[PDB]
Amino acid sequence: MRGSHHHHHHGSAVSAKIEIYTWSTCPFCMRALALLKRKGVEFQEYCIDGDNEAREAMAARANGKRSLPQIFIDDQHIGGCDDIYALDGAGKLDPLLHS
(Lines give C-alpha, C1' and ligand atoms only; values in the text may rest on other atoms or scores of the structure.)
Protein backbone atom coordinates (compact mmCIF):
# COMPACT_ATOMS: atom_id res chain seq x y z
CA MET A 1 0.00 0.00 0.00
CA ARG A 2 2.66 2.47 -1.12
CA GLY A 3 1.77 6.11 -0.47
CA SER A 4 1.28 8.81 2.15
CA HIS A 5 -1.67 7.69 4.29
CA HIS A 6 -3.62 9.46 7.03
CA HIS A 7 -4.44 7.42 10.15
CA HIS A 8 -7.06 8.32 12.75
CA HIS A 9 -9.29 5.26 13.13
CA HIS A 10 -11.16 6.16 9.92
CA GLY A 11 -11.87 2.56 8.99
CA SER A 12 -13.66 2.29 5.64
CA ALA A 13 -13.18 5.55 3.74
CA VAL A 14 -16.43 7.53 3.42
CA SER A 15 -17.22 11.22 2.89
CA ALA A 16 -19.95 13.86 2.92
CA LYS A 17 -23.13 12.85 1.09
CA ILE A 18 -24.34 15.89 -0.85
CA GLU A 19 -27.58 15.86 -2.86
CA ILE A 20 -29.42 18.49 -4.88
CA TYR A 21 -32.74 18.08 -6.71
CA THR A 22 -33.11 20.31 -9.77
CA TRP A 23 -34.70 21.21 -13.02
CA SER A 24 -31.75 21.69 -15.36
CA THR A 25 -33.02 25.02 -16.68
CA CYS A 26 -34.32 26.50 -13.40
CA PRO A 27 -32.33 29.69 -12.72
CA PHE A 28 -32.38 29.10 -8.96
CA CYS A 29 -31.17 25.53 -9.45
CA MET A 30 -28.43 26.81 -11.75
CA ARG A 31 -27.30 29.34 -9.13
CA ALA A 32 -27.13 26.65 -6.41
CA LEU A 33 -25.25 24.29 -8.72
CA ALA A 34 -22.69 26.98 -9.48
CA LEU A 35 -21.98 27.42 -5.77
CA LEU A 36 -21.46 23.69 -5.18
CA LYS A 37 -19.27 23.53 -8.27
CA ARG A 38 -17.16 26.48 -7.10
CA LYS A 39 -16.59 24.72 -3.76
CA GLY A 40 -15.12 21.81 -5.72
CA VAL A 41 -16.94 19.18 -3.64
CA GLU A 42 -18.23 15.87 -5.00
CA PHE A 43 -22.03 15.82 -5.18
CA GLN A 44 -25.02 14.08 -6.72
CA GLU A 45 -27.59 16.01 -8.77
CA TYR A 46 -31.09 14.57 -9.15
CA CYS A 47 -32.23 16.24 -12.35
CA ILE A 48 -35.98 15.67 -12.31
CA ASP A 49 -37.07 17.59 -15.41
CA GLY A 50 -40.67 16.63 -16.15
CA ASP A 51 -40.62 13.78 -13.62
CA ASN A 52 -43.59 14.11 -11.26
CA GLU A 53 -42.87 10.89 -9.37
CA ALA A 54 -39.39 12.10 -8.48
CA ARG A 55 -40.83 15.42 -7.31
CA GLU A 56 -43.12 13.60 -4.92
CA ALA A 57 -40.16 11.64 -3.58
CA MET A 58 -38.38 14.94 -3.09
CA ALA A 59 -41.36 16.51 -1.31
CA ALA A 60 -41.50 13.57 1.11
CA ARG A 61 -37.98 14.46 2.32
CA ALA A 62 -38.14 18.24 1.93
CA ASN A 63 -40.90 18.99 4.46
CA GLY A 64 -43.55 18.61 1.76
CA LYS A 65 -41.95 21.38 -0.32
CA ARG A 66 -42.04 21.06 -4.10
CA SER A 67 -40.04 24.21 -4.85
CA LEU A 68 -36.62 23.81 -6.48
CA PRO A 69 -33.84 23.25 -5.80
CA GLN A 70 -33.79 21.20 -2.61
CA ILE A 71 -30.43 20.42 -1.02
CA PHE A 72 -29.45 17.76 1.52
CA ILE A 73 -26.09 17.29 3.24
CA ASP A 74 -25.51 14.05 5.17
CA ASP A 75 -29.24 13.33 4.98
CA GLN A 76 -30.14 16.66 6.56
CA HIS A 77 -32.44 18.96 4.62
CA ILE A 78 -30.57 22.24 4.13
CA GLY A 79 -33.21 23.95 2.00
CA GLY A 80 -33.01 25.83 -1.28
CA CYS A 81 -30.75 28.18 -3.21
CA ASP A 82 -31.30 31.11 -0.85
CA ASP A 83 -30.65 28.87 2.17
CA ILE A 84 -27.30 27.64 0.88
CA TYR A 85 -26.14 31.10 -0.17
CA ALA A 86 -27.24 32.43 3.25
CA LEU A 87 -25.22 29.71 4.98
CA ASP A 88 -22.14 30.56 2.91
CA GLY A 89 -22.52 34.28 3.63
CA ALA A 90 -22.53 33.48 7.35
CA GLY A 91 -19.47 31.24 7.07
CA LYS A 92 -21.56 28.19 7.93
CA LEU A 93 -21.50 26.24 4.66
CA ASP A 94 -17.86 25.15 4.56
CA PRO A 95 -18.18 23.37 7.95
CA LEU A 96 -21.15 21.38 6.59
CA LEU A 97 -19.15 20.19 3.55
CA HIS A 98 -17.33 19.61 5.86
CA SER A 99 -14.57 22.19 5.22
# chains A, B, ... in the order shown; residues from 1 in each chain; ligands from 1
call {"tool": "closest_atom_pairs", "arguments": {"of": "stretch 20-57 of chain A", "to": "stretch 61-76 of chain A", "cutoff": "10 Å", "atoms": "only C-alpha atoms", "output": "JSON lines"}}
result
{"residue": "A:20", "atom": "CA", "partner": "A:71", "partner_atom": "CA", "distance": 4.4}
{"residue": "A:21", "atom": "CA", "partner": "A:70", "partner_atom": "CA", "distance": 5.3}
{"residue": "A:22", "atom": "CA", "partner": "A:69", "partner_atom": "CA", "distance": 5.0}
{"residue": "A:23", "atom": "CA", "partner": "A:68", "partner_atom": "CA", "distance": 7.3}
{"residue": "A:24", "atom": "CA", "partner": "A:69", "partner_atom": "CA", "distance": 9.9}
{"residue": "A:26", "atom": "CA", "partner": "A:68", "partner_atom": "CA", "distance": 7.8}
{"residue": "A:27", "atom": "CA", "partner": "A:69", "partner_atom": "CA", "distance": 9.6}
{"residue": "A:28", "atom": "CA", "partner": "A:69", "partner_atom": "CA", "distance": 6.8}
{"residue": "A:29", "atom": "CA", "partner": "A:69", "partner_atom": "CA", "distance": 5.1}
{"residue": "A:30", "atom": "CA", "partner": "A:69", "partner_atom": "CA", "distance": 8.8}
{"residue": "A:31", "atom": "CA", "partner": "A:69", "partner_atom": "CA", "distance": 9.5}
{"residue": "A:32", "atom": "CA", "partner": "A:69", "partner_atom": "CA", "distance": 7.5}
{"residue": "A:33", "atom": "CA", "partner": "A:69", "partner_atom": "CA", "distance": 9.1}
{"residue": "A:43", "atom": "CA", "partner": "A:73", "partner_atom": "CA", "distance": 9.5}
{"residue": "A:45", "atom": "CA", "partner": "A:71", "partner_atom": "CA", "distance": 9.4}
{"residue": "A:46", "atom": "CA", "partner": "A:70", "partner_atom": "CA", "distance": 9.7}
{"residue": "A:47", "atom": "CA", "partner": "A:69", "partner_atom": "CA", "distance": 9.7}
{"residue": "A:55", "atom": "CA", "partner": "A:66", "partner_atom": "CA", "distance": 6.6}
{"residue": "A:56", "atom": "CA", "partner": "A:66", "partner_atom": "CA", "distance": 7.6}
{"residue": "A:57", "atom": "CA", "partner": "A:61", "partner_atom": "CA", "distance": 6.9}
call {"tool": "write_last_selection", "arguments": {"atoms": "N, CA and C atoms", "output": "mmCIF file, in the first residue's frame"}}
result
data_model
loop_
_atom_site.group_PDB
_atom_site.id
_atom_site.type_symbol
_atom_site.label_atom_id
_atom_site.label_comp_id
_atom_site.auth_asym_id
_atom_site.auth_seq_id
_atom_site.Cartn_x
_atom_site.Cartn_y
_atom_site.Cartn_z
ATOM 1 N N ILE A 20 -28.616 17.340 -4.480
ATOM 2 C CA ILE A 20 -29.418 18.492 -4.885
ATOM 3 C C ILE A 20 -30.412 18.071 -5.960
ATOM 4 N N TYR A 21 -31.697 18.328 -5.716
ATOM 5 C CA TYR A 21 -32.737 18.077 -6.707
ATOM 6 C C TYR A 21 -32.966 19.334 -7.547
ATOM 7 N N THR A 22 -33.052 19.167 -8.862
ATOM 8 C CA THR A 22 -33.114 20.310 -9.772
ATOM 9 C C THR A 22 -34.029 20.098 -10.966
ATOM 10 N N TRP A 23 -34.441 21.204 -11.581
ATOM 11 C CA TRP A 23 -34.699 21.214 -13.016
ATOM 12 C C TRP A 23 -33.482 21.869 -13.665
ATOM 13 N N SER A 24 -33.001 21.277 -14.752
ATOM 14 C CA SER A 24 -31.745 21.695 -15.362
ATOM 15 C C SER A 24 -31.746 23.165 -15.757
ATOM 16 N N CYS A 26 -33.831 25.590 -14.437
ATOM 17 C CA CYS A 26 -34.319 26.503 -13.401
ATOM 18 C C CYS A 26 -33.190 27.438 -12.967
ATOM 19 N N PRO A 27 -33.435 28.760 -12.992
ATOM 20 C CA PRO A 27 -32.332 29.693 -12.723
ATOM 21 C C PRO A 27 -31.851 29.625 -11.276
ATOM 22 N N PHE A 28 -32.748 29.259 -10.360
ATOM 23 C CA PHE A 28 -32.381 29.099 -8.962
ATOM 24 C C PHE A 28 -31.563 27.817 -8.786
ATOM 25 N N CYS A 29 -31.965 26.749 -9.468
ATOM 26 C CA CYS A 29 -31.171 25.526 -9.447
ATOM 27 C C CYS A 29 -29.785 25.793 -10.014
ATOM 28 N N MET A 30 -29.725 26.517 -11.128
ATOM 29 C CA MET A 30 -28.433 26.814 -11.747
ATOM 30 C C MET A 30 -27.526 27.585 -10.793
ATOM 31 N N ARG A 31 -28.092 28.546 -10.070
ATOM 32 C CA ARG A 31 -27.301 29.338 -9.129
ATOM 33 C C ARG A 31 -26.745 28.480 -7.988
ATOM 34 N N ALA A 32 -27.555 27.544 -7.493
ATOM 35 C CA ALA A 32 -27.128 26.647 -6.412
ATOM 36 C C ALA A 32 -26.049 25.701 -6.916
ATOM 37 N N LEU A 33 -26.230 25.198 -8.133
ATOM 38 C CA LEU A 33 -25.247 24.286 -8.721
ATOM 39 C C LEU A 33 -23.904 24.972 -8.861
ATOM 40 N N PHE A 43 -20.615 15.846 -5.546
ATOM 41 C CA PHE A 43 -22.026 15.816 -5.182
ATOM 42 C C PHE A 43 -22.889 15.126 -6.226
ATOM 43 N N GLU A 45 -26.464 15.184 -8.337
ATOM 44 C CA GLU A 45 -27.590 16.008 -8.773
ATOM 45 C C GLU A 45 -28.727 15.096 -9.231
ATOM 46 N N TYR A 46 -29.911 15.270 -8.655
ATOM 47 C CA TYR A 46 -31.090 14.570 -9.154
ATOM 48 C C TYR A 46 -31.850 15.500 -10.083
ATOM 49 N N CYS A 47 -31.546 15.413 -11.372
ATOM 50 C CA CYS A 47 -32.233 16.237 -12.347
ATOM 51 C C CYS A 47 -33.590 15.617 -12.679
ATOM 52 N N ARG A 55 -40.539 14.200 -8.064
ATOM 53 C CA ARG A 55 -40.831 15.419 -7.313
ATOM 54 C C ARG A 55 -41.561 15.059 -6.032
ATOM 55 N N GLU A 56 -42.394 14.030 -6.101
ATOM 56 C CA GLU A 56 -43.125 13.603 -4.916
ATOM 57 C C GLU A 56 -42.193 12.930 -3.928
ATOM 58 N N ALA A 57 -41.181 12.235 -4.439
ATOM 59 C CA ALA A 57 -40.164 11.636 -3.580
ATOM 60 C C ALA A 57 -39.398 12.753 -2.892
#
call {"tool": "select_by_dssp", "arguments": {"residues": "chain A", "states": "strand (DSSP E)", "output": "list in words"}}
result
residues 18, 19, 20, 21, 22, 44, 45, 46, 47, 70, 71, 72, 73, 76, 77, 78 and 79 of chain A
call {"tool": "atom_distance", "arguments": {"atom1": "atom CA of residue A:52", "atom2": "atom CA of residue A:77"}}
result
20.0 Å
call {"tool": "residues_around", "arguments": {"residues": "residue A:98", "least_positions_apart": "4", "cutoff": "10 Å", "atoms": "only C-alpha atoms", "output": "PyMOL selection string"}}
result
chain A and resi 15-16+41+73-74+92-94
call {"tool": "select_by_dssp", "arguments": {"residues": "chain A", "states": "helix (DSSP H, G or I)", "output": "ChimeraX atom specification"}}
result
/A:27-39,52-61,81-89,93-97
